[PDB]
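Visitor: Could you have a look at this structure, given as structure tokens, before my questions?
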Amino acid sequence: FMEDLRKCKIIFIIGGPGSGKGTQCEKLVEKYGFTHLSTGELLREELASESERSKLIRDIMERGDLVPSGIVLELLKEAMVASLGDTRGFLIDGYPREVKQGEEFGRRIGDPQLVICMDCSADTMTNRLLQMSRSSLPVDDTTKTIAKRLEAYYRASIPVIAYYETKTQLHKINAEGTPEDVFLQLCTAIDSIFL
Amino acid sequence: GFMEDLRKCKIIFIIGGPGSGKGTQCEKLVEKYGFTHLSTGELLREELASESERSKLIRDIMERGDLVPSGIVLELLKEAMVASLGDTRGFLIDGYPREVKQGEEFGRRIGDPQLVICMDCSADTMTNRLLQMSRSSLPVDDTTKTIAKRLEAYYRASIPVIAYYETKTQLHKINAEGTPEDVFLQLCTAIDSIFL
Ligand SMILES: Nc1ncnc2c1ncn2[C@@H]1O[C@H](COP(=O)(O)O)[C@@H](O)[C@H]1O
Ligand SMILES: [Cl-]
Ligand SMILES: [Cl-]
């Protein structure tokens, strides 16, 4: 699996809240047949399992503490190993959270052939999030809250983006257009590495 | 108003390793004393379930397995305490704080605990209890290695904090190796000794 997992299609896709990443991942899954993974879903599944390891993770999460990179990676490797054979490739959504976690992924699993960055302005992200918002607070309040959320995304993503731009595996996609036009751009990037 | 109210209310921190019996003791303390039991885990769970816009920032963080900033947890804590003030006899803050600066911040922003309870239990006893509660489908060696990591994480979180509150307030170490009913007895003794 070491050699199999390594010599196989791995795409990271990143983007802030309101970038359209969720919907585009579904479209990509539908088109390409990729295995769509994310740490949040992997953590949720593990927590539902009653394993001793899920109890460790829960001890940590209940303190608001960081879940070590190595546990997250163990969960990815297992999901990836479970999907090999019947896979057209791996779409890892929202990963990595930090450069060192990405580096460790590279060493222990495989280097992604493509890191897609869903590039989008704060204003657009904010409008999409406002539209979906269920709060009945004043819009001013809701917008300040959304702003804080974008600001924290921007601070986590910057060094990651920089790392992959420095390694030249990053494709920036203009996530501002129609869903139709964004998807085309995504497929153009994917087809350009994997053909 | 709330500021001086929060500063003068009963604040007890209770710290204990997994398998120490802390959870079940807290439920009994709440029932007996009419305290409000607060924990980070439960506060986080509740914020997330609220579906508030503010909650989505925490959801982003936790989906990466990233650390939730202390300010966010403190905010949620303060809000829980303000909401319970006037229909509670005191706060039992369970497994908090996780580091010293976070405790110092609590002290400045909310109030100083009058009592820190530490539920002392050996690693061997915590390990054995946690095996008794295990649903592991893995061999006992693998299973016990993961339990050892759970204790390691507890010791990391607890040692600096316990050492700090020893210097600052009343800290009572309870022998949690006993029966749960004896542990309850000792807890009640500790609490009664402080609140008069
Ligand atoms: N909360 C979630 N976050 C990220 N991915 C999810 C989530 N729930 C399901 N998925 C997966 O991501 C895509 C969208 O989710 P769904 O269509 O609800 O299954 C699917 O391809 C799922 O495999
Ligand atoms: Cl959202
Ligand atoms: Cl010991």
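Here, A, B, ... name the chains of the structure tokens in the order displayed, residue numbers run from 1 inside each chain, and ligands are numbered from 1 in the same displayed order.
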Would you kindly return, as a count of residues only, each protein, DNA or RNA residue with an atom no farther than 10 Å from any atom of residue 187 in chain A, considering only C-alpha atoms and excluding same-chain residues fewer than 5 positions away?
Guide: 6
Visitor: Counting only C-alpha atoms and all ligand atoms, what are the residues, protein, DNA or RNA alike, that approach ligand 2 to within 10 Å? I want them as JSON, numbers by chain.
Guide: {"A": [16, 17, 18, 22, 128, 129, 130, 132, 133, 146], "B": [51, 53, 55, 56, 57, 59, 60]}
Visitor: Write to file, as an mmCIF file, in the first residue's frame, the residues of the selection just made, with N, CA and C atoms.
Guide:
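The resulting file, out.cif, is reproduced below:
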```
data_model
loop_
_atom_site.group_PDB
_atom_site.id
_atom_site.type_symbol
_atom_site.label_atom_id
_atom_site.label_comp_id
_atom_site.auth_asym_id
_atom_site.auth_seq_id
_atom_site.Cartn_x
_atom_site.Cartn_y
_atom_site.Cartn_z
ATOM 1 N N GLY A 16 -11.734 29.149 1.545
ATOM 2 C CA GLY A 16 -12.355 29.637 2.771
ATOM 3 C C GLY A 16 -13.850 29.349 2.800
ATOM 4 N N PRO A 17 -14.470 29.659 3.941
ATOM 5 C CA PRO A 17 -15.913 29.492 4.019
ATOM 6 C C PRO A 17 -16.562 30.499 3.065
ATOM 7 N N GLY A 18 -17.543 30.045 2.311
ATOM 8 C CA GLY A 18 -18.145 30.888 1.289
ATOM 9 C C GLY A 18 -17.427 30.898 -0.056
ATOM 10 N N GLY A 22 -17.421 23.319 -1.078
ATOM 11 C CA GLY A 22 -18.283 22.168 -0.807
ATOM 12 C C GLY A 22 -19.001 21.672 -2.057
ATOM 13 N N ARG A 128 -22.093 35.430 0.277
ATOM 14 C CA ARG A 128 -22.596 34.054 0.203
ATOM 15 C C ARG A 128 -22.983 33.548 1.572
ATOM 16 N N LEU A 129 -22.144 33.859 2.560
ATOM 17 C CA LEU A 129 -22.419 33.470 3.950
ATOM 18 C C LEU A 129 -23.608 34.214 4.555
ATOM 19 N N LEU A 130 -23.749 35.501 4.234
ATOM 20 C CA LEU A 130 -24.912 36.276 4.649
ATOM 21 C C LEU A 130 -26.207 35.714 4.080
ATOM 22 N N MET A 132 -26.882 32.633 3.272
ATOM 23 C CA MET A 132 -27.140 31.351 3.935
ATOM 24 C C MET A 132 -27.440 31.499 5.430
ATOM 25 N N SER A 133 -27.113 32.659 5.987
ATOM 26 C CA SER A 133 -27.266 32.913 7.406
ATOM 27 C C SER A 133 -28.734 32.778 7.847
ATOM 28 N N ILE A 146 -18.894 37.039 10.555
ATOM 29 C CA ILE A 146 -18.392 36.400 9.323
ATOM 30 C C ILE A 146 -16.969 36.871 9.005
ATOM 31 N N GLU B 51 -25.973 26.416 16.300
ATOM 32 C CA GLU B 51 -25.956 26.840 14.883
ATOM 33 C C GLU B 51 -25.792 28.365 14.688
ATOM 34 N N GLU B 53 -23.957 31.953 14.086
ATOM 35 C CA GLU B 53 -22.894 32.318 13.148
ATOM 36 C C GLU B 53 -21.543 32.277 13.818
ATOM 37 N N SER B 55 -20.714 30.253 16.218
ATOM 38 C CA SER B 55 -20.371 28.830 16.314
ATOM 39 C C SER B 55 -19.609 28.286 15.102
ATOM 40 N N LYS B 56 -19.801 28.876 13.923
ATOM 41 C CA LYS B 56 -19.182 28.344 12.693
ATOM 42 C C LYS B 56 -17.656 28.509 12.674
ATOM 43 N N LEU B 57 -17.157 29.515 13.385
ATOM 44 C CA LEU B 57 -15.727 29.698 13.541
ATOM 45 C C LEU B 57 -15.101 28.531 14.326
ATOM 46 N N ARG B 59 -16.541 25.543 14.572
ATOM 47 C CA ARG B 59 -16.693 24.400 13.698
ATOM 48 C C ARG B 59 -15.528 24.323 12.681
ATOM 49 N N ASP B 60 -15.135 25.442 12.086
ATOM 50 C CA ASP B 60 -13.965 25.458 11.192
ATOM 51 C C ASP B 60 -12.698 24.946 11.871
#
```
Visitor: Of the candidates B:45, B:64, B:145, B:37, which one gets nearest to ligand 1 if we count only C-alpha atoms and all ligand atoms?
Guide: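 Nearest to ligand 1: B:64.
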Visitor: So which residues are near ligand 3, meaning at most 10 Å away with only C-alpha atoms and all ligand atoms counted, given back as a PyMOL selection string?
Guide: chain B and resi 120-126
Visitor: Which one of A:44, A:148, A:108, A:100 sits closest to ligand 1 if you count only C-alpha atoms and all ligand atoms?
Guide: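 When distances to ligand 1 are compared using only C-alpha atoms and all ligand atoms, the smallest one comes from A:44.
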Visitor: Write out as an NGL selection string which residues come within 9 Å of range 179-186 of chain B when counting only C-alpha atoms, dropping same-chain ones fewer than 6 positions away.
Guide: :B and (21 or 24-25 or 28-29 or 119)
Visitor: Please, which residues have at least one atom within 8 Å of an atom of ligand 1, using only C-alpha atoms and all ligand atoms, listed as JSON, numbers by chain?
Guide: {"A": [22, 23, 25, 26, 29, 35, 36, 37, 38, 40, 41, 93]}
